[PDB]
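Enquirer: what shape does this take:
(15 chains, ligands or ions: 11)
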Amino acid sequence: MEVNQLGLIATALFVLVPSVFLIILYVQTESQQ
Amino acid sequence: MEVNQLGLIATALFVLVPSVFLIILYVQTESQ
Amino acid sequence: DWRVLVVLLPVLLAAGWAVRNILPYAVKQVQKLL
Amino acid sequence: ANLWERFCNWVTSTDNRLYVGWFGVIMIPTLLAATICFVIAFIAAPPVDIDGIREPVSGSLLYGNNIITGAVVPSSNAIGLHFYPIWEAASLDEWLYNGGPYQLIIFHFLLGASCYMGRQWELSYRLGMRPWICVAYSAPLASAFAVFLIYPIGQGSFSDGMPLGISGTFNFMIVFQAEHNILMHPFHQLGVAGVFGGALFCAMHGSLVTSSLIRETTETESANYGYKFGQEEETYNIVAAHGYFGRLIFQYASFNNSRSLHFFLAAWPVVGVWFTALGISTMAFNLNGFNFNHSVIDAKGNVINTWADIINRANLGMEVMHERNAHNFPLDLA
Amino acid sequence: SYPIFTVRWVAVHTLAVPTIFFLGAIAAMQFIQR
Amino acid sequence: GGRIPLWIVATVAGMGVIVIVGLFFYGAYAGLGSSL
Amino acid sequence: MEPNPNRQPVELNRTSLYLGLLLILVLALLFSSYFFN
Amino acid sequence: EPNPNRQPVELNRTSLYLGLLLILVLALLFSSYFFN
Amino acid sequence: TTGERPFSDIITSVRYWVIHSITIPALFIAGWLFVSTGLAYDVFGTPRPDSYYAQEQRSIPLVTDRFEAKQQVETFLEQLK
Amino acid sequence: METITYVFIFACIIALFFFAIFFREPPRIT
Amino acid sequence: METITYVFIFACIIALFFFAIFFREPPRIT
Amino acid sequence: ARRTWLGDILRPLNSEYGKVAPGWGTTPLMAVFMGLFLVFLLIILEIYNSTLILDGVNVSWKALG
Amino acid sequence: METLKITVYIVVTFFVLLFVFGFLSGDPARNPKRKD
Amino acid sequence: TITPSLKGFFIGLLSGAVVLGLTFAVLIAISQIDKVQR
Amino acid sequence: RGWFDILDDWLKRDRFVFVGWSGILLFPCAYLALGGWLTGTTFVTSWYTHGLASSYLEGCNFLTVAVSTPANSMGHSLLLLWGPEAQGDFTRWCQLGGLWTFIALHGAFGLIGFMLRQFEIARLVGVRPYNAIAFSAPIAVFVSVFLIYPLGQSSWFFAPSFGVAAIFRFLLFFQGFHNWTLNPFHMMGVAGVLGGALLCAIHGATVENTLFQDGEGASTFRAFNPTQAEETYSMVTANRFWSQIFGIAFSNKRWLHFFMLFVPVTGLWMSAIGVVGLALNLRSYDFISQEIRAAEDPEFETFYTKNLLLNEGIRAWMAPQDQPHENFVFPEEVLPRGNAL
Ligand code: CLA
Ligand code: CLA
Ligand code: CLA
Ligand SMILES: C=Cc1c(C)c2cc3nc(c4c5[nH]c(cc6nc(cc1[nH]2)C(C)=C6CC)c(C)c5C(=O)[C@@H]4C(=O)OC)[C@@H](CCC(=O)OC/C=C(\C)CCC[C@H](C)CCC[C@H](C)CCCC(C)C)[C@@H]3C
Ligand SMILES: CCCCCCCCCCCCCCCC(=O)OC[C@H](COP(=O)(O)OC[C@@H](O)CO)OC(=O)CCCCCCCCCCCCCCC
Ligand SMILES: CCCCCCCCCCCCCCCC(=O)OC[C@H](COP(=O)(O)OC[C@@H](O)CO)OC(=O)CCCCCCCCCCCCCCC
Ligand SMILES: CC1=CCCC(C)(C)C1/C=C/C(C)=C/C=C/C(C)=C/C=C/C=C(C)/C=C/C=C(C)/C=C/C1=C(C)CCCC1(C)C
Ligand code: OEX
Ligand SMILES: [Cl-]
Ligand SMILES: [Cl-]
Ligand SMILES: [Fe+2]
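Expert: Numbering: from 1, shown residues only, chains lettered A, B, ... in the order given. Ligands and ions are numbered 1, 2, ... in the order given. Right below this line is the structure:
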């Protein structure tokens, strides 16, 4: 299908940036206790 | 320029993924 | 016009009737407000 | 120590991370069959001739759909309410063209979902609970029976059961409105009241409890750490919440009894959704919404339109366009 | 010793007085013919 | 003071509502708004 | 000059990570069709 | 029953700086070839 | 609990109903009259069954000017006199 | 590519389910 | 898009230089 | 805390934390500018809205010429 | 297809009998308080 | 000059003013008669 | 002990209906919005704005009665009684749609007053103000739908009219013209309302079915005491139940009740945003990739294309009667229609 090329990069980043943020904060939480 | 439009996503993940890996390891280091 | 007095006469009578039935008790409350 | 009795002990064990139970024994296979067929069909099923007119509707991702437009398409109107298992088709290719997978999925799901409700009773009994959580789930379950089974039975075709997809859902509810004036049906209006009211009382209850949490924490920590799982003391002040809410309205429109309050929370959306499921279930037999078309006329007899007549003009445009190739005669009687 | 007229009295009659009047007007309406 | 038992008030009130609401449904079939 | 006394540790527990990832994944699932358009 | 072989992992700031530089320079180098 | 008189004690009281068996019907009848006299039509501008259209008319008299709108509906109402 | 993206995200959600259930923070009493 | 990308990466390196110098692990004499 | 030349110059601008005029002070005067400002915002709104129409005030693009 | 039909009839009968006999195996007694 | 809508404006401005002032005249009065004790 | 304080004393007295400073904005405006709606639906027509009957007086019933929006020709006029449109004539004001703006504006100022009341009572009682916060969601919906949406359009005419069936008409309009069901912000609202209703029901049922036996009677309501310290139901048994049935459960009563606030409030806020977009006709109407393929390939059909045929029907069949100021004349031969119907 003739689909917006940037949709892919947009989706990947939309997923990746907020997810990595959350993981960073979780892992350094476990390294405390 | 008629470049490879999968190049943007390859370049972006090439940077992001390993960099995130490093950042995760470094931050959890600074907090223990 | 005349229809308005038609319409309003029951309401006036109603208030009139209620004013008369309650007036004694309403002054006992007003006196108590100092 | 006997074999069957040890099996029975494991089936009904309160120690499995996920409870199985005898309802579980039917639920698990049927929901695995329905899930697995759904996932494969959604991704890769070929187009299905939903309306029996050799006009296949493409529903799956690999045939040019996205997450919003894709669906498992209902089986063919040519089949009607005939049972169409795989082994009744000459081949899988035929079964696919005619919409076999919808039947497989909805029958397995409705079974497994009925057993889901029963499983809720069962574990409630094994744990020494009161038993009626399952009665609350009967409202959603009745709703799923209405759009997947009851409405097809009354209209005589699974082709008129709700599609398994996002836009297919909208297609179903638009066509329903043209054919039943569901907006003007009192049971749908009670559904809306049950559902708007449900979200309202959800927000209310959550904001009232949250407003009256007792200070157990500092401004640098989540208040949630003020409650410890299994503590015996209640974690908010209900008299303070009653005192605020009864002054926001008046005293006697507010609940000081937490049992009545939580029972109210349960009954309002459950009863509203019973009625709206009953709406779909009785419009399935064409007892439709109020019809006030041309109900107001003037002294001469000119029609004086109301908002119901405007609704009718919109329903008319739905009616005349839907399934634009499937009707050969002037009335759409099912 | 209770008051008769309160803020409460007012809010009640704020609503009830025109409710009845309105109900009467709507009753009369069922007998309009075109 | 507390002379009319409350159950009598409720029955008469209740029947009074039934009456007016009934009139409104009767009017759905007669006169304006009846389709006739 | 003393080191800054307003510094505080940050926390994200495991449940909050699960909730947060579900939110983002489901958000992506919803808007991806519109991004591709 | 917790596993006795678990170890904590470390990456110091200097290793982050070196590692990030490595990634960025590899990206700047290969990106031309990815776009081609 | 706040000092006003309980409701249950007012609506069972003999004094209460002595007033309200007059005031309720008077209002119900006042509202009736408001309609049966025709006054409601005139106060509100609401067309009567005979006055939505002129006799051979099938045009809605739709307002179509903002600042001349008052004059427009006045025009449509003389087209029925 | 859009098909792969849709199924990939869906696949991640199912995996998340697995960890959320079987690798949850185990609730502990008082 | 390709120009933006090369300039972005170059820009990140320059920012890395700044932190690696001014926000290094300070060497001390243990 | 660190003293700096510029810090010593600005010092009195950040020296009266907590100081208040007693009672209501100028509150009644504030209220008058608030009331005036409302009426003036009303006028501005109703001019834009065309429920206030004024001589030689033509609320159209045709006021650029 | 007939092999598929047979297989499904068998699997279904199996699970439905597990269910019938499971509940016939003294289900009222499998609670935490009063067993019978 | 002083157009009809400008007259309407002043009409509305005084009517609001009347309403708000009357409202507050009543509340000031009631609150003086029926005070809390302390 | 000046007069401002005396009035504060009086406003804040504990009485059957609390008044407050917020009561001064709230109560007149709430009563007037409500009174306008009962007045218009009993007595006032929509003939001159809409070509519709809309009151009990005209023979409408409770479903079809409405206070209808002003004529399109009024633009976004405030339609003040004393304004240049009605020029102070009550009767003309009613016939031009003045009660719509009356209701919408007094309604908006009542909403503010009500939310200020939630703030005022919460401060006087000493609880946190999360109920006021939650109420921001209804406000967002009201302003965006009744105010922002028509302000982006040609006139108030296209806002919702205050009536049951007029609102149903508004729903259908948004389907045909905006394809509103396709809009992801609406979809998040749907999930927020439906998930709210689910949470409401599942939390109520759980409490009622993990009750502790605190009394001898079969009616379990009697055995709660609003001042007992103890939880009245078992979070522990509730948590094992739902962990075993559904895989996950709540373990934290505070989080649970915040989540109950969070879900329906957020959902409403999302829908508000989407309606702001539609104020500008900025819809999610189409998928471009679908249309390109379908234009080229007459065998390609999806539920997305089927639904736009229906939107197309809706528009052509309702537009002339629903927008009478446009004087649309669609001769029979141009109406879209499938076979036979
Ligand atoms: C503001 C407008 C509005 C509102 C609030 C509603 C509200 C509602 N409508 Mg109406 N509707 C509207 C406008 C509106 N509608 C319009 C404009 C139209 C015409 C175009 C319609 C046409 C319409 C139709 C045709 C129908 C509704 C229905 C409903 C109900 C849907 C919710 C429901 O069924 O829950 C009930 C709950 C469920 C359906 C959930 C079942 C859940 C199953 C048991 C479990 C699923 C498990 C899942 C697959 C896996 C999850 C696990 C996870 C790990 C993956 C609700 C009362 C429906 C209804 O009444 O159905 C009974 C219905 O069929 N409406
Ligand atoms: C606080 C309660 C309240 C509020 C907030 C409103 C708000 C509103 N009303 Mg409502 N109204 C109220 C109470 C209220 N009303 C009451 C009690 C009644 C019954 C009488 C009405 C009856 C009513 C009608 C009939 C109408 C409104 C309308 C309006 C709108 C326009 C108001 C306007 O332009 O004011 C303009 C005026 C002011 C803002 C007053 C400003 C006061 C300044 C600050 C002081 C000036 C003092 C003066 C100049 C000094 C003395 C002068 C000299 C001669 C001595 C607005 C939404 C209109 C509407 O809805 O339009 C469709 C409309 O037609 N109201
Ligand atoms: C499953 C079905 C379903 C569901 C759950 C929803 C859910 C929703 N829809 Mg959608 N809708 C659907 C189907 C559905 N819709 C379909 C099929 C269509 C056709 C396209 C639409 C068309 C549609 C439209 C056109 C709109 C919605 C809107 C909404 C939202 C309404 C929010 C709300 O509570 O408003 C209720 C109203 C308020 C909260 C405003 C304030 C209310 C105050 C507090 C009233 C107080 C009353 C007062 C005290 C006295 C009243 C007394 C009197 C009655 C006697 C909500 C997210 C609206 C939206 O997204 O808005 C942003 C909207 O405009 N829907
Ligand atoms: C259509 C659905 C709907 C209605 C009718 C409704 C109604 C209400 N919600 C309230 C509250 C709330 N609603 C909340 C969350 C929600 N509310 C929702 C949906 C609704 N909420 C949803 C979905 C949520 C979830 C987020 C919360 C959290 C609260 C409260 O705290 C509060 C409450 O106390 O509830 C217990 C009350 C506010 C009372 C008030 O402002 O009095 C003052 C009255 C005023 C200001 C008049 C408003 C006039 C309106 C805006 C215009 C006129 C309307 C006409 C008169 C009637 C038109 C009828 C036609 C449309 C058919 C009121 C009972
Ligand atoms: C839907 C929720 C209701 C569930 C039903 C149970 C409620 C629980 C009550 C608390 C515990 C039990 C007490 C039982 C007692 C009980 O259920 O109620 C009875 C109560 C009558 O109380 P009395 O003072 O007559 O007697 C004390 C009672 O406790 C008798 O037992 O009814 C009223 O409040 C009538 C007033 C309503 C009319 C007010 C109209 C004016 C309003 C104007 C202002 C508008 C709103 C505010 C502006 C925003
Ligand atoms: C045999 C049948 C079993 C059915 C299998 C179903 C398993 C899937 C259920 C959820 C797993 C993921 C939940 C993760 C998140 C997680 O682990 O949460 C766990 C969390 C635990 O809450 P606690 O109160 O313990 O947390 C307290 C504090 O830690 C908060 O900081 O539970 C909730 O918050 C309940 C509300 C979440 C409700 C989320 C459910 C919605 C899931 C469905 C959405 C799916 C859309 C998918 C479309 C493709
Ligand atoms: C049908 C049904 C089923 C459930 C049981 C129940 C018995 C409740 C039942 C019956 C209930 C019925 C039918 C209820 C009907 C109630 C009605 C009709 C009440 C009407 C109340 C009307 C009121 C206040 C009107 C107030 C009007 C006001 C301010 C207007 C103010 C103003 C306006 C609008 C314009 C500017 C001038 C002014 C004066 C400021
Ligand atoms: O298929 Mn589905 O939709 Ca119940 O109607 Mn007849 O059919 Mn068809 O048409 Mn309309
Ligand atoms: Cl269709
Ligand atoms: Cl046919
Ligand atoms: Fe609760």
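Enquirer: contact partners for whichever residue of chain A sits closest to chain M?
Expert: Here the residue of chain A nearest chain M is residue A:1; by C-beta to the nearest C-beta that distance is 35.2 Å. Quick note: C-beta positions are derived from backbone N, CA and C, even for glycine. Residues touching residue A:1, when contacts are defined by C-beta atoms under 8 Å, 6 or more residues apart in numbering or on different chains, comprise D:64, J:2, O:289, O:290, O:292, O:293.
Enquirer: excluding sequence neighbours, find me the nearest residue to the last one.
Expert: Think residue O:293. Taking C-beta to C-beta, 6 or more residues apart in numbering or on different chains, and ignoring the residues beside it in sequence, residue O:293 has residue O:300 as its nearest neighbour in space, at 5.4 Å.
Enquirer: over to residue N:36?
Expert: When the adjacent residues along the chain are set aside, residue N:36 lies closest to residue O:9, with 5.1 Å between them (C-beta to C-beta, 6+ apart).
Enquirer: which helix runs longest in chain I?
Expert: Longest among the helix segments of chain I by residue count, using DSSP state H, is helix I:14-36.
Enquirer: is that one anywhere near ligand 7?
Expert: No. Applying C-beta under 6 Å from any ligand atom, one finds helix I:14-36 out of contact with ligand 7, separated by at least 9.4 Å.
Enquirer: check whether the helix or strand following that helix comes near chain D.
Expert: Heading C-terminal from helix I:14-36, the first helix or strand you meet, by DSSP states H and E, is helix I:39-44. No. Judged by C-beta under 8 Å from any C-beta of the partner chain, helix I:39-44 makes no contact with chain D; its nearest approach is 13.4 Å.
Enquirer: any buried residues in helix I:39-44, and which?
Expert: I:39, I:40, I:41, I:43, I:44 (16 or more other C-beta atoms under 10 Å in any protein chain shown).
Enquirer: now that helix, how far from the chain's geometric center?
Expert: From the chain centre to the centre of helix I:39-44 is a distance of 6 Å (C-alpha atoms, centre = their mean, to the nearest Å).
Enquirer: please apply the same query to stretch D:295-313.
Expert: 35 Å.
Enquirer: how close does the residue nearest to residue N:36 sit to ligand 7?
Expert: Remark: distance between residue O:9 and ligand 7 (C-beta to the nearest ligand atom, to the nearest Å) = 29 Å.
Enquirer: identify the residue of chain N closest to ligand 2, quick one.
Expert: Taking C-beta to the nearest ligand atom, ligand 2 has its nearest neighbour within chain N at residue N:16, 2.7 Å off.
Enquirer: where's that residue relative to chain K, distance?
Expert: Residue N:16 sits 57 Å away from chain K, taking C-beta to the nearest C-beta, to the nearest Å as the criterion.
Enquirer: same question for residue D:203.
Expert: The separation that residue D:203 has from chain K, given C-beta to the nearest C-beta, amounts to 44 Å.
Enquirer: I'd say that residue and residue O:258 touch.
Expert: No. Using C-beta atoms under 8 Å, residue D:203 and residue O:258 do not qualify as a contacting pair, with a distance of 11.0 Å.
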